[PDB]
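**Student:** I'd like to ask some things about the structure below.
No lab work stands behind these numbers, since they all come straight from the coordinates. We place every Cβ from the backbone using ideal geometry, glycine too, and count neighbours over all the protein chains shown.
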Amino acid sequence: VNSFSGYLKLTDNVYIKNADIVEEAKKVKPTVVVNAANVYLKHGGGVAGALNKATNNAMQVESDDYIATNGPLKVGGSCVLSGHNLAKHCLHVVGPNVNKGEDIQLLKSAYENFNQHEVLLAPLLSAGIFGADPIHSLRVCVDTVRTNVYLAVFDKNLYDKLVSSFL
Ligand SMILES: CCc1c[nH]c2ncnc(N3CCC[C@@H](S(C)(=O)=O)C3)c12
């Protein structure tokens, strides 16, 4: 049993809810919240901008030190950093950005990072300002992630379309 509430069950291990991932993280305080990161951990907009804002920029400060030491992530890769006031840990995952021409096949590699964590609160990778089709992102999620994932979809219209079209 866990504290996640109001989710629709899609499969054995994937759950979905119309919710602001920032508000959901603040209420649940999960072991892992996933950030929709870029390779530079520059959290300017989308989910990343919102999560970083909610940490009062502490996520960005920590991220800049990480990059200065380690260099950029790979598209499809991830790193574990602090969850600050939102979660125990933040898993920063880099899905492909279609608006940069990155290979959509890398979306599966991105979701594979979730399998290193038993339970996660997350957004749909590569959706929103990353430019991919969110229906496709949900399909890859379901077909790749085997651990327990609680997806937060900000847009109500989108949440309804994802549910109504889910096979
Ligand atoms: C600021 C956006 C946002 C705020 N809060 C959210 N909660 C869940 N999903 C979100 N997405 C919705 C838009 C696109 C995706 S994207 C590609 O940036 O990952 C982010 C958001």
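**Student:** Can you tell me how many residues in the range 19-59 are buried (at least 19 other Cβ atoms within 10 Å of the Cβ) and away from the ligand (no atom under 15 Å from the Cβ)?
**Tutor:** Residues flagged as buried (at least 19 other Cβ atoms within 10 Å of the Cβ) and away from the ligand (no atom under 15 Å from the Cβ) within the range 19-59 amount to 1.
**Student:** If you take the residues of the range 119-136 that are part of a helix (DSSP H, G or I) and more than 9 Å from the ligand (Cβ to nearest atom), which of them is nearest to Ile104 (Cα to Cα)?
**Tutor:** Among those residues, the one meeting the criterion is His136.
**Student:** Then there's this: Any residue in the range 100-112 that is buried (at least 19 other Cβ atoms within 10 Å of the Cβ), under 23 Å from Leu10 (Cβ atoms), within 15 Å of the ligand (Cβ to nearest atom) and of a type in the set (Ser, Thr, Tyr)?
**Tutor:** yes
**Student:** Regarding the range 3-15, can at least one residue be identified that is within 15 Å of the chain's Cα centre (by Cα), under 27 Å from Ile135 (Cβ atoms), within 15 Å of the ligand (Cβ to nearest atom) and not hydrophobic (A, V, I, L, M, F, W, C)? Steps first, please.
**Tutor:** Filtering the range 3-15 down to residues within 15 Å of the chain's Cα centre (by Cα) leaves 14-15.
Now restrict to residues that are under 27 Å from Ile135 (Cβ atoms): 14-15.
From what is left, the residues that are within 15 Å of the ligand (Cβ to nearest atom) are 15.
Keeping just the survivors that are not hydrophobic (A, V, I, L, M, F, W, C) gives 15.
Scanning the range 3-15 turns up at least one residue that is within 15 Å of the chain's Cα centre (by Cα), under 27 Å from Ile135 (Cβ atoms), within 15 Å of the ligand (Cβ to nearest atom) and not hydrophobic (A, V, I, L, M, F, W, C).
**Student:** Going by what's in this entry, would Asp160 be described as within 15 Å of the ligand (Cβ to nearest atom), of a type outside the set (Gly, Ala, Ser), farther than 23 Å from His89 by Cβ and exposed (fewer than 15 other Cβ atoms within 10 Å of the Cβ)?
**Tutor:** Details: within 15 Å of the ligand (Cβ to nearest atom): yes; of a type outside the set (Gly, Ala, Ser): yes; farther than 23 Å from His89 by Cβ: yes; exposed (fewer than 15 other Cβ atoms within 10 Å of the Cβ): yes.
Considered against the rule, which asks whether it is within 15 Å of the ligand (Cβ to nearest atom), of a type outside the set (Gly, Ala, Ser), farther than 23 Å from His89 by Cβ and exposed (fewer than 15 other Cβ atoms within 10 Å of the Cβ), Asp160 comes out as yes.
**Student:** Next up: Going by the conditions given, is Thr69 away from the ligand (no atom under 14 Å from the Cβ), under 15 Å from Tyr15 (Cα atoms) and either exposed (fewer than 15 other Cβ atoms within 10 Å of the Cβ) or without any contact (Cβ under 8 Å) to a residue 12 or more places away in the chain (or both)? Spell out the reasoning first.
**Tutor:** Working: away from the ligand (no atom under 14 Å from the Cβ): yes; under 15 Å from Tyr15 (Cα atoms): no; either exposed (fewer than 15 other Cβ atoms within 10 Å of the Cβ) or without any contact (Cβ under 8 Å) to a residue 12 or more places away in the chain (or both): yes.
The answer is no for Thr69.
**Student:** Also, quick follow-up: Answer yes or no as to whether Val93 is buried (at least 18 other Cβ atoms within 10 Å of the Cβ) and within 21 Å of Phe130 (Cβ to Cβ).
**Tutor:** Values: buried (at least 18 other Cβ atoms within 10 Å of the Cβ): yes; within 21 Å of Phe130 (Cβ to Cβ): yes.
The answer is yes for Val93.
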